[PDB]
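>
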Amino acid sequence: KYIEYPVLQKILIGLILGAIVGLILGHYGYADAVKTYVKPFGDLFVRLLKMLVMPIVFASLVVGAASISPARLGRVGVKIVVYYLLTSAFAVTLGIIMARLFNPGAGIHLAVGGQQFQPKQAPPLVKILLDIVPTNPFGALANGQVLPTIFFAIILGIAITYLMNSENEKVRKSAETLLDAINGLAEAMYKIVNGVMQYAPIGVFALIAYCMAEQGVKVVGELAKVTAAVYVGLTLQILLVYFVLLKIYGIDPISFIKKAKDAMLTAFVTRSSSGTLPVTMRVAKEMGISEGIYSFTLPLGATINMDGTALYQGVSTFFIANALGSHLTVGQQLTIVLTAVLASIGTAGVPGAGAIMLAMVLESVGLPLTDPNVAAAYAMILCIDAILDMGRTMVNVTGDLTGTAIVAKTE
Amino acid sequence: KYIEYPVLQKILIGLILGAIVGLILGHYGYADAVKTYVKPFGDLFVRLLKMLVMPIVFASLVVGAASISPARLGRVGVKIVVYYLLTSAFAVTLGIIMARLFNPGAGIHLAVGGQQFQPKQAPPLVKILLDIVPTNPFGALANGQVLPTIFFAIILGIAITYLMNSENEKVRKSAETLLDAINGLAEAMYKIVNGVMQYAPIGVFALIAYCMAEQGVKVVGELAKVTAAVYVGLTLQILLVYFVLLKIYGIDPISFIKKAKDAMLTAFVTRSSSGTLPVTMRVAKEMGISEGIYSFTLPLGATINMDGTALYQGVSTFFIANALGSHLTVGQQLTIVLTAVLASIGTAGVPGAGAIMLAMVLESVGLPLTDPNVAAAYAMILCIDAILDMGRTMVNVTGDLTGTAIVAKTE
Amino acid sequence: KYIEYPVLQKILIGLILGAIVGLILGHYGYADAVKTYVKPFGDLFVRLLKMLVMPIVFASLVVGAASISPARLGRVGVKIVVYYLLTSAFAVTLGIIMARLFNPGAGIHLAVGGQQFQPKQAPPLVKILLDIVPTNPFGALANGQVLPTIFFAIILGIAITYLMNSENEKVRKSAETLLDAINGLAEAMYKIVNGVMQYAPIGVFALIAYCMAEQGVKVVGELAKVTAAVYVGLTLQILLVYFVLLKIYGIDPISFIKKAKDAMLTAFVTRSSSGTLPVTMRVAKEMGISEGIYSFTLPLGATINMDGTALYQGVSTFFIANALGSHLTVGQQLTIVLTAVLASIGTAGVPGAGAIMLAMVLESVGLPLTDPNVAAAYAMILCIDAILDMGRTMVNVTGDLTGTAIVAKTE
Ligand SMILES: N[C@@H](CC(=O)O)C(=O)O
Ligand SMILES: N[C@@H](CC(=O)O)C(=O)O
Ligand SMILES: N[C@@H](CC(=O)O)C(=O)O
Ligand SMILES: [Hg+2]
Ligand SMILES: [Hg+2]
Ligand SMILES: [Hg+2]
Ligand code: NA
Ligand code: NA
Ligand code: NA
Ligand code: NA
Ligand code: NA
Ligand code: NA
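The listed protein sequences correspond, in order, to chains A, C and B. The deposited numbering applies: residue 6 is where the first sequence begins, and numbers increase by one. The deposited numbering applies: residue 6 is where the second sequence begins, and numbers increase by one. The deposited numbering applies: residue 6 is where the third sequence begins, and numbers increase by one.
1. Quick one: does A/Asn108 have its CB under 7 angstroms from some CB of chain B?
2. Any beta-carbon of chain A closer than 7 angstroms to the one on B/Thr166?
3. Just mark A/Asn173 as buried or exposed, buried being the case when its beta carbon has 16 or more other beta carbons within 10 Å.
4. Find out if the Cβ-Cβ distance for the pair C/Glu219, C/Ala36 is shorter than 7 angstroms.
5. Where do the N-terminal and C-terminal ends of the alpha helix (DSSP H) with A/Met311 fall, by residue?
6. Cβ of C/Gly23 less than 7 angstroms from any chain A Cβ?
7. Determine the chain C residues that contact A/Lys84 at a beta-carbon separation under 7 angstroms, and present them in chain order.
8. Between the Cα of A/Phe107 and those of A/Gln242, A/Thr285, A/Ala229 and A/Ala307, spot the shortest distance and give me the residue it belongs to.
9. Which bits of chain C does B/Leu190 rub up against, with CB to CB less than 7 angstroms?
10. Would you kindly report the start and end of the unbroken alpha helix (DSSP H) that includes A/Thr166?
11. If you measure beta-carbon to beta-carbon, which residues of the segment 123-140 of chain A are closer than 7 angstroms to chain C?
12. Let's test the definition: count the other Cβ atoms within 10 Å of the Cβ of A/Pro11 and tell me whether it reaches 16, buried, or not, exposed.
13. I'd like to know if C/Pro45 contacts chain A, where contact means its C-beta is closer than 7 angstroms to some C-beta of that chain.
14. Any chance the CB of A/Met56 is under 6 angstroms from a heavy atom of ligand 7?
15. Give me, in chain order, the residues of the same chain whose beta-carbon lies closer than 6 angstroms to that of C/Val284; leave out the 5 immediate sequence neighbours on both sides.
16. Please list the partners that A/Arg52 has in chain B, where partner means a Cβ-to-Cβ separation under 8 angstroms.
17. Just to confirm my understanding: we take C/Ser331, look at its own chain, exclude 5 residues before and 5 after, and list those with CB closer than 6 angstroms. What are they?
18. Going by the C-beta, is A/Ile213 closer than 6 angstroms to any heavy atom of ligand 4?
19. Answer yes or no: does any C-beta atom of chain A fall closer than 7 angstroms to that of B/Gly69?
20. Can you grab the Cα-Cα spacing for the pair B/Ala71 / B/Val412, in whole Å?
21. Could you give the C-beta distance for A/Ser295 and A/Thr340, rounded to a whole number, given that I count them as a contact under 8 angstroms?
22. Between which two residues does the alpha helix (DSSP H) holding C/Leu57 run?
23. May I ask which residues mark the beginning and end of the alpha helix (DSSP H) holding C/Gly200?
24. Counting C-beta neighbours from all protein chains within 10 Å, is the total for C/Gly47 16 or more, i.e. buried, or is it exposed?
25. Determine, using beta carbons only, whether A/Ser72 comes closer than 7 angstroms to chain C.
26. Restricting to Cα atoms, I'd like to know which of C/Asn141, C/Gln150 and C/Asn148 is closest to B/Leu146.
27. Ordered along the chain, which non-local residues of its own chain (more than five positions away) have a Cβ less than 7 angstroms from that of B/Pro60?
28. Can you tell me whether DSSP reads A/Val320 as helix, strand or coil?
29. Hey, would you say A/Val209 sits closer than 7 angstroms to A/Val355, going by beta carbons?
30. Which first and last residues belong to the alpha helix (DSSP H) in which A/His32 is found?
31. Using 7 angstroms as the limit for Cβ to Cβ distance, is C/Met269 near chain A?
32. Starting from the C-beta of A/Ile298, find all residues in its chain whose C-beta is less than 8 angstroms away, skip the five residues before and the five after it, and write them out in chain order.
33. Report yes or no: is there a C-beta of chain B within less than 7 angstroms of the C-beta of residue 1 of chain A?
34. Should C/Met194 be listed as close to ligand 12, given that the test is whether its C-beta is under 6 angstroms from any heavy atom?
35. Could you compute how far the alpha carbon of C/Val83 sits from the alpha carbon of C/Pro75?
36. If you draw a straight line from the alpha carbon of A/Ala104 to that of A/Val87, how long is it in whole angstroms?
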């Protein structure tokens, strides 16, 4: 196979060629040839992604809840975690704002199979509240049911950490063995992400060739319209949040950005906040942060606290709905806020990861990826995921450095 | 929240206030206001309990079967385990006796939603026997099917212990890693039990306010009628079993009770045979039992061998049926005997645990907690669980000391 | 119970007595008495086997893929693994050949319940390809779906091994903890195999008494006709493959066989290539193989590389079909080739294991053991499994020694 090229370059080549191939075949009237021959490769790609969506959600949120659990956090831990959560929550809400004053997805509205998407009637508020508690965690796990899985995973993670405080040796031993296995399943799933992302240049080529062969050319305008809303959201997160909090804590944001420049560009290109952590930490040393602090806050923020991913997942969910034609209600919007923060946490810091955890948001909000309309819109975003994931990652790391500088400024 | 008060006092306050609130609102004709506003908090409480019911059953019975497995038991182990099982089996059968000459539950008979509970026809005896063997353990686990889960868990635990006898290092390593993870999941679930039991004072308040707003006042008489049957069963277990076997083995039961007085009262109040083990062992030393013996039999009996819990689960199952209106057939009664002994084993020694493992008996006998009638009767017992759990725990510990004294007298 | 006799002797006694009992009861017209009283014991036996089929498939193939993964194999590893795979692939294809020029199963054709087996129409090739990727590993695991489980298990195993290459300590730690738990579940399941195989003498007695009470006597001829096709396949694997490759690498096959004589007979009688490994290794030393080499290749081939099992599973699958009356299409036949190699890998080296992993092949090919016709033919082979398993095991070990000798000759 000798497929050696830098994945990001391969993905962008597949994306450009797919768009061209799709348009010339679609114009000349071969959208069916694309549908039958090209698309199944994109179909395989998305199947491999929604394959990992359930194990990742459970395992990553057990681990995520564990590394946040009150039983684990010192005074510096609580500080950095409160920052991480607030920044992420503000990021997704700002994504809502961007994805609302922009209307990405609108105009694409299609009914694959002639049947337009219809949201099923929401149960009473008491019901949907109680329903987040599963009656059989195994069952909720074994058949979708994302929200119960969220609930059980977060509970399990916290419970494990309190067991790790126990006086008894064997209790800690046992609790750590379970956590040490769940974590490691999560890590295994994200290796599979790396593997599937090696196939991504082909999948993306097919996904965009299909999406170009039909839906004409407006998709190019609408996909760029998403990218716009996301990136201006990212820059707003940098300016309106980082720059502001940095100035509030007596840190010149301009010199701060010049220091972070290396870690920010590394993240932007590598598209992995975990593979940028050595540069991120070297930067934090370069700007005079105390070893004891940033050697703990930065590796925690390498996986938790992805403000870009949260904002991305927020905007992307609005595109899915706007495409489908449904109007995301209030409540559904605050559902996004909560679940995208939780999805931002579960996301690994691997290139593809953010789009996989996006499904967790879609599923909770009521846009199931089994529905053909959802899956078509979901595929529509995977086409240009790498474009978003570059800026996405950069902001994920910038948030780490900012909070680390602020908390060190205090502690 | 600053909720600091002793849980048992909070539960009893919630129980008394709920009863009052329910009655005055029910009398004045506001049972619907209670149904719509108060009850959902009780509904949340029971949902959190039946959430844990499946993981606890699997994990605790893997661990329980492991600590009983013949591959693990020395000569002293076999002795104390044979005692533990016989005493537990006699306890539940005595519970049957008490719950039969008392008729608790009768007179409450209600059909929530109008339709009265109907037991589905039992398959042929060959079928129900074969059916305890699952064809897909994962499947049986993923959708109720308690009895298959019992079967697979018990088998898995025993198999692990034989792997732990193997000559090969890595075999033991792997087998211990799996057991060390299953145990630890069980421990995590029982932390969640502790957590949910912190909400219990509210849940119990709602459960009893609802049960008072409807069903008039007779519930008070019938709940007390259960408490009566349980406690006289507990005292009969002490007198007819412990006192008798103690005298058979040349141990004066009166001086025995005076020695155990501390451990017996500690259990009664703390409601945790595991949190009473330090007192239980200190007592066993006070009464001249050899270190090597009671340092092994007592911590084993701290989790296995809960004669009170078995008896409680036996009586409580009869209340559920008598309420529902069904007549527990012979066979169903010996099913109770077997499954309540197994449920007594799986129970942790945490306050709430016994009522959670009660569901395992109800489910096996054919009273599924999904059915509205079952769930209403099940909630009816949770209201006054702490009352039963006090004596329940005390007898669980008294059995430990009695057997430890008897086996030391021999070995 | 004091059931002490050598299992193989007990199984052969049960098999002979069952055949006699069945025939005299069937001739005298008591096939119904056998159906209602005898058969349920055989039914229990097969239920215990298809119980283990799902956990074993997942866990063994996670472990199997791990011990084959490129991230683990040195230059000697790659050599011995390439040998192991090619030999196993050739073995099953040779089984196909034997089970095709022999027609075992034909003439037995029955429709238990008056309804003859009908294969459900195959989806398009694109569909069945995509379908091997599950959308919820938990779901595929929780309800049959063998092929998705194959896919997820093999992926998970490989991913774990790459995590075990990571620079980070905790990553390797976590990945090894998960693997150390999955392995160990697999080991526990195979202890259950040992346990169930202690009941086998009764189960086999009932299975063959039922199969004799009905289906007259032709079954004896047809069962022997399978045994013939299998054993002549095994001898062909030895002569046409081992002897040939041994001569190609300058090793006199006759002196080789005389050296291996001990390990070959031990396997044949013990029916456990893992319990024969000490003899297998002692033989490899006796014939001048370098310590460093055979101490790694032989224990790997003790579990992976079962040429006899692959060949057995191939032939047996043809019997199941021929009985049922369906014609195994091309494609279905190469499916057998792939899945029987994979089943040969997952098989443990315990007596019973090969027939359990046969179900994995049957399930993938489209012969579900839930269907009554399949289950009847599947039971028809379990009757005489021990006969096949003796030669089966011997060839599994001979392949280990042959490859070890060949690779040592080179490396
Ligand atoms: N690529 C992002 C994570 C994601 O959204 O997939 C990061 O490394 O931070
Ligand atoms: N509380 C009991 C167990 C139970 O029945 O919940 C004990 O500690 O023994
Ligand atoms: N008994 C075989 C494995 C099997 O086919 O069950 C062996 O030991 O190699
Ligand atoms: Hg697209
Ligand atoms: Hg009540
Ligand atoms: Hg047979
Ligand atoms: Na994350
Ligand atoms: Na980050
Ligand atoms: Na106890
Ligand atoms: Na217990
Ligand atoms: Na072998
Ligand atoms: Na094998």
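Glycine included, every Cβ here is placed at the ideal spot set by N, Cα and C.
Taking the definition as stated:
1. Not closer than 7 angstroms to any Cβ of chain B, the Cβ of A/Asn108 fails to qualify, so no.
2. With 7 angstroms as the cut-off, B/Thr166 does not count as an interface residue toward chain A.
3. Within 10 angstroms of the beta-carbon of A/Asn173 lie fewer than 16 other beta-carbons, which makes it exposed.
4. Going by beta carbons, C/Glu219 and C/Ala36 fall inside the 7 angstroms limit.
5. Element bounds for A/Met311: n/a, residue is neither H nor E.
6. Closer than 7 angstroms: no.
7. Simply none; closest approach about 22 angstroms.
8. Cα-wise, what sits closest to A/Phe107 is A/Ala229.
9. Contact note: B/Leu190 reaches chain C through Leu183, using a C-beta cutoff of 7 angstroms and chain order.
10. Note, A/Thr166: alpha helix (DSSP H), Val151 to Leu168.
11. The segment 123-140 of chain A vs chain C, Cβ under 7 angstroms: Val131, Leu135, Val138, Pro139 and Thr140.
12. Per the 10 Å Cβ criterion, exposed.
13. So yes, C/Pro45 belongs to the interface.
14. No; taking the cut-off as 6 angstroms, the Cβ of A/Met56 has no heavy atom of ligand 7 nearer than that.
15. Only residues of its own chain outside the window of five on either side were considered, and among them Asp267, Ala268 and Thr271 have a CB closer than 6 angstroms to the CB of C/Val284, listed in chain order.
16. By Cβ distance, chain B contributes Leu135, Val138 and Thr140.
17. For C/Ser331, the CB contacts under 6 angstroms within the same chain, skipping 5 residues up- and downstream, are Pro124 in chain order.
18. Relative to ligand 4, the nearest heavy atom lies less than 6 angstroms away from the CB of A/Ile213.
19. It does not; no Cβ of chain A falls within 7 angstroms.
20. About 21 angstroms.
21. Contact between A/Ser295 and A/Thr340 is ruled out by a C-beta separation of about 39 angstroms, above the 8 angstroms threshold.
22. Start and end: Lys44 to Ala71.
23. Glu174 to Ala218 is the extent of the alpha helix (DSSP H) around C/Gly200.
24. Label assigned to C/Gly47: buried.
25. No, A/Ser72 lies away from the interface with chain C (no Cβ there is under 7 angstroms from its Cβ).
26. The candidate whose alpha carbon is nearest that of B/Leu146 is C/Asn141.
27. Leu190 and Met194.
28. A/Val320 sits in a helix when the DSSP states are folded into three classes.
29. Cβ distance not < 7 angstroms, so A/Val209 and A/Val355 don't count as in contact.
30. It spans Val12 to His32 - the alpha helix (DSSP H) in which A/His32 sits, taken as one unbroken run.
31. At a cut-off of 7 angstroms between C-beta atoms, C/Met269 does not count as an interface residue with respect to chain A.
32. Non-local beta-carbon contacts of A/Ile298 in its own chain, meaning distances under 8 angstroms to residues more than five positions away in sequence, involve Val81, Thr409, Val412, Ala413 and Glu416 in chain order.
33. As shown, chain A starts at 6 and ends at 416. That puts residue 1 of chain A outside it, with no answer to give.
34. Residue side-chain check: C/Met194 keeps its Cβ at 6 angstroms or more from all non-hydrogen atoms of ligand 12.
35. C/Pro75 has its alpha-carbon roughly 8 angstroms from the corresponding atom of C/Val83.
36. Our two residues, A/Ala104 and A/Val87, have alpha carbons roughly 26 angstroms apart in a direct line.
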